[PDB]
Amino acid sequence: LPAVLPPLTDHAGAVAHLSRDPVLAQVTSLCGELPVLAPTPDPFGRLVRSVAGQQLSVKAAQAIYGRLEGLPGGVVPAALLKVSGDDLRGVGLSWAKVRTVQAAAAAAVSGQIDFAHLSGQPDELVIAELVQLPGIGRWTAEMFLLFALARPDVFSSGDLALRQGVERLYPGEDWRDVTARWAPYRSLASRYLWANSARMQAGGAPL
Ligand SMILES: [Cl-]
Ligand SMILES: [Cl-]
Ligand code: NI
């Protein structure tokens, strides 16, 4: 399994590499600079934030996470297991999200997922353990690696917007080929695809 790649601390190297693909050379200049993501010091809490926020507005997602934070002991595995399912529903969580959050806390306290020591685990091993939790598929696991853990080399082949972007920009090309070229910077390439979509949704000119 590939060795864990550290989070980028700056994007210059990444952008130069990606820019070797004339599509991304254009996309990166059109979209400009993207902020450098710092790996979270609290993976568990970021996992819970992600889960809790799914399908909610940005303000609603913040609110509900704040209500979780306000439970006794906060957003910590052992503390969340002492909160009843009725009180987790009570903060506004769907039953699906209650179950996922309970499942993630239980996995942390049982040692099934060592949220304190992910830094050394290959992407796929982190993915496989997250996937075993109810309500968390590969896509959620991959988004967590990319956005929470700031791993640099993640292309989520189940993200519809990424796949629609590759289809649009590279018609008739094998997506595995296209995206492999972006390695070891598939995460920033992914972020530029989403940025380009936002750019187009704002009225921008196409490539
Ligand atoms: Cl909900
Ligand atoms: Cl998922
Ligand atoms: Ni390179």
# chains A, B, ... in the order shown; residues from 1 in each chain; ligands from 1
>>> residues_near_ligand(ligand="ligand 2", cutoff="8 Å", atoms="only C-alpha atoms and all ligand atoms", output="list in words")
residues 131, 135, 136, 137, 138, 139, 140 and 141 of chain A
>>> residues_near_ligand(ligand="ligand 1", cutoff="7 Å", atoms="only C-alpha atoms and all ligand atoms", output="short mmCIF file (atom, residue, chain, number, x, y, z; two decimals) with N, CA, C and O atoms, in the first residue's frame")
data_model
loop_
_atom_site.label_atom_id
_atom_site.label_comp_id
_atom_site.auth_asym_id
_atom_site.auth_seq_id
_atom_site.Cartn_x
_atom_site.Cartn_y
_atom_site.Cartn_z
N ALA A 52 -22.80 15.16 10.82
CA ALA A 52 -23.88 16.01 11.30
C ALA A 52 -24.35 17.04 10.30
O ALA A 52 -25.54 17.29 10.20
N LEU A 56 -27.45 19.60 5.13
CA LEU A 56 -27.93 20.79 5.82
C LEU A 56 -27.32 22.05 5.21
O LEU A 56 -26.27 21.99 4.59
N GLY A 92 -31.21 17.50 16.92
CA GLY A 92 -31.65 17.69 15.55
C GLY A 92 -31.14 16.69 14.55
O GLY A 92 -31.42 16.83 13.36
N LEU A 93 -30.44 15.66 15.01
CA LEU A 93 -29.88 14.66 14.11
C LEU A 93 -30.93 13.68 13.62
O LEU A 93 -31.75 13.21 14.38
N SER A 94 -30.88 13.35 12.35
CA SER A 94 -31.66 12.21 11.84
C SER A 94 -31.22 10.92 12.57
O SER A 94 -30.12 10.87 13.12
N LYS A 97 -27.89 9.66 11.20
CA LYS A 97 -26.73 10.38 11.74
C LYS A 97 -26.48 10.03 13.19
O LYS A 97 -25.35 9.80 13.55
#
>>> residues_near_ligand(ligand="ligand 3", cutoff="12 Å", atoms="only C-alpha atoms and all ligand atoms", output="VMD selection string")
chain A and resid 11 to 21 180 to 186
>>> residues_around(residues="residue 77 in chain A", least_positions_apart="2", cutoff="6 Å", atoms="only C-alpha atoms", output="PDB file with C-alpha atoms, in the first residue's frame")
ATOM      1  CA  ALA A  79     -18.627  11.531  26.274  1.00  0.00           C
ATOM      2  CA  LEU A  80     -20.897  10.962  23.238  1.00  0.00           C
ATOM      3  CA  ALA A 105     -17.718   6.990  19.072  1.00  0.00           C
TER       4      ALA A 105
END
>>> residues_around(residues="range 195-201 of chain A", least_positions_apart="6", cutoff="12 Å", atoms="only C-alpha atoms", output="PyMOL selection string")
chain A and resi 23-24+26-35+160-166+168-169+188-189+207
>>> residues_around(residues="range 114-122 of chain A", least_positions_apart="5", cutoff="6 Å", atoms="only C-alpha atoms", output="ChimeraX atom specification")
/A:3-4,43-44
>>> select_by_dssp(residues="chain A", states="helix (DSSP H, G or I)", output="PyMOL selection string")
chain A and resi 12-18+22-31+43-53+58-69+77-80+85-90+95-109+115-117+123-131+138-148+160-169+175-182+186-201
>>> atom_distance(atom1="CA of residue 187 in chain A", atom2="CA of residue 146 in chain A")
6.2 Å
>>> closest_residue(among="A:84, A:62, A:190, A:112", to="residue 99 in chain A", atoms="only C-alpha atoms")
A:84
>>> residues_around(residues="residue 91 in chain A", least_positions_apart="4", cutoff="7 Å", atoms="only C-alpha atoms", output="ChimeraX atom specification")
/A:64,67-68,87
>>> write_last_selection(atoms="N, CA and C atoms", output="tab-separated table (two decimals), in the first residue's frame")
chain	number	residue	atom	x	y	z
A	64	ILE	N	-26.01	22.85	14.60
A	64	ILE	CA	-26.17	21.50	15.13
A	64	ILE	C	-24.85	20.99	15.71
A	67	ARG	N	-24.55	22.52	19.02
A	67	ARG	CA	-25.37	21.78	20.01
A	67	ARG	C	-24.73	20.46	20.49
A	68	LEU	N	-24.02	19.79	19.59
A	68	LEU	CA	-23.22	18.63	19.97
A	68	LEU	C	-22.11	19.00	20.95
A	87	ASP	N	-31.37	12.04	23.25
A	87	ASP	CA	-30.76	13.35	23.33
A	87	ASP	C	-29.97	13.72	22.07
>>> residues_around(residues="residue 66 in chain A", least_positions_apart="3", cutoff="12 Å", atoms="only C-alpha atoms", output="MDAnalysis selection string")
chainID A and resid 45 48:49 52:53 59:63 69:71 74:75 91:92
>>> atom_distance(atom1="CA of residue 40 in chain A", atom2="CA of residue 156 in chain A")
19.9 Å
>>> atom_distance(atom1="CA of residue 134 in chain A", atom2="CA of residue 82 in chain A")
19.5 Å
